[PDB]
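Q: This is the structure, below, for whatever I ask next.
The numbers here are math on the coordinates, done by the rules we state, and not lab data. Cβ placement follows ideal geometry from the backbone for every residue including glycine, while neighbour counts extend to all protein chains displayed.
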Amino acid sequence: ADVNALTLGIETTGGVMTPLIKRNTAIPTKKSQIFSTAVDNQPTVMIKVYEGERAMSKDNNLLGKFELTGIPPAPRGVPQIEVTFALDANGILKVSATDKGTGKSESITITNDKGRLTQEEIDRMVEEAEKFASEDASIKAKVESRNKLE
């Protein structure tokens, strides 16, 4: 039963973990979601690929980092950037970010689960995530609330 040991996602504004492939998904698999920019006229988007079960990206493990540059000037939230995670049977994760308005794209290939975790080890990280779930949920709520001033 070949699956990804740990959840795979990207950092979204707030330092928040956004999962693309949940842990224990049958591989090969391909998942995609659409993201936009955070501020007006944002010329590039940062793609930080994280692995782990915690709510905030900083508590997970950074596997990859790259940018999609050359986003044309537009209001925050207008550009449509599709991020795809494609995970093969051989444990190669390809992460692509594509500007849907231009077809412009960047990608990386990385190897997930370099520790090749046992079920015991996964189980342990899951337990620790549960131990911090309440605290994690509270920080996430606070970050994502829209009652903020620039």
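Q: Being surrounded by fewer than 14 Cβ atoms within 10 Å (Cβ to Cβ), more than 14 Å from the chain's Cα centre (by Cα), on the phi < 0 side of the Ramachandran plot and not aliphatic (A, V, I, L, M) is the requirement here; does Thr69 meet it? Step through it out loud before you land on a result.
A: Numbers: surrounded by fewer than 14 Cβ atoms within 10 Å (Cβ to Cβ): yes; more than 14 Å from the chain's Cα centre (by Cα): yes; on the phi < 0 side of the Ramachandran plot: yes; not aliphatic (A, V, I, L, M): yes.
In short, yes.
Condition check ((1) on the phi > 0 side of the Ramachandran plot; (2) in a helix (DSSP H, G or I); (3) touching a residue at least 40 places away in the same chain (Cβ under 8 Å); (4) polar (S, T, N, Q)) across all residues:
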{"site": "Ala86", "(1), (2), (3), (4)": "no, no, yes, no"}
{"site": "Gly103", "(1), (2), (3), (4)": "yes, no, no, no"}
{"site": "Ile110", "(1), (2), (3), (4)": "no, no, yes, no"}
{"site": "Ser134", "(1), (2), (3), (4)": "no, yes, no, yes"}
{"site": "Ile139", "(1), (2), (3), (4)": "no, yes, yes, no"}
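Q: Between a first residue in segment 61-75 that is of a type in the set (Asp, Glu) and a second residue that is in a strand (DSSP E or B), which pairs have beta carbons less than 8 Å apart while being 6 or more apart in sequence or on different chains?
A: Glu67/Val45; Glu67/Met46; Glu67/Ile47; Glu67/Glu106
Q: Still on this model: Could you tell me which of the residues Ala86, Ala55 is within 24 Å of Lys31 (Cα to Cα), in contact with a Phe, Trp or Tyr (Cβ under 9 Å, 6 or more places away or on another chain), crowded, with 16+ Cβ neighbours inside 10 Å and not β-branched (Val, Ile, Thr)?
A: Just one listed residue meets the conditions, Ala55.
Q: Among all residue pairs at least 6 apart or on different chains, which show Cβ distances below 9 Å where the first residue, located in segment 19-44, is more than 26 Å from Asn4 (Cβ to Cβ) and the second is assigned to a strand (DSSP E or B)?
A: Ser36/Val45; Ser36/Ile81; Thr37/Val45; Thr37/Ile81; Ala38/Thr12; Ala38/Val45; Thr44/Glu67; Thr44/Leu68
Q: Please work out which residue is farthest from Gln80 (Cα to Cα), limiting yourself to segment 2-49 and to residues that are in contact with a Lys or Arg (Cβ under 9 Å, 6 or more places away or on another chain) and hydroxyl-bearing (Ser, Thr, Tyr).
A: Looking at residues that are in contact with a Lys or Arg (Cβ under 9 Å, 6 or more places away or on another chain) and hydroxyl-bearing (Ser, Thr, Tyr), I get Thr25.
Q: Follow-up. So, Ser96, is that one crowded, with 16+ Cβ neighbours inside 10 Å, free of Cβ contacts under 8 Å to residues at least 60 places away in the same chain and not in a helix (DSSP H, G or I) or not?
A: Yes.
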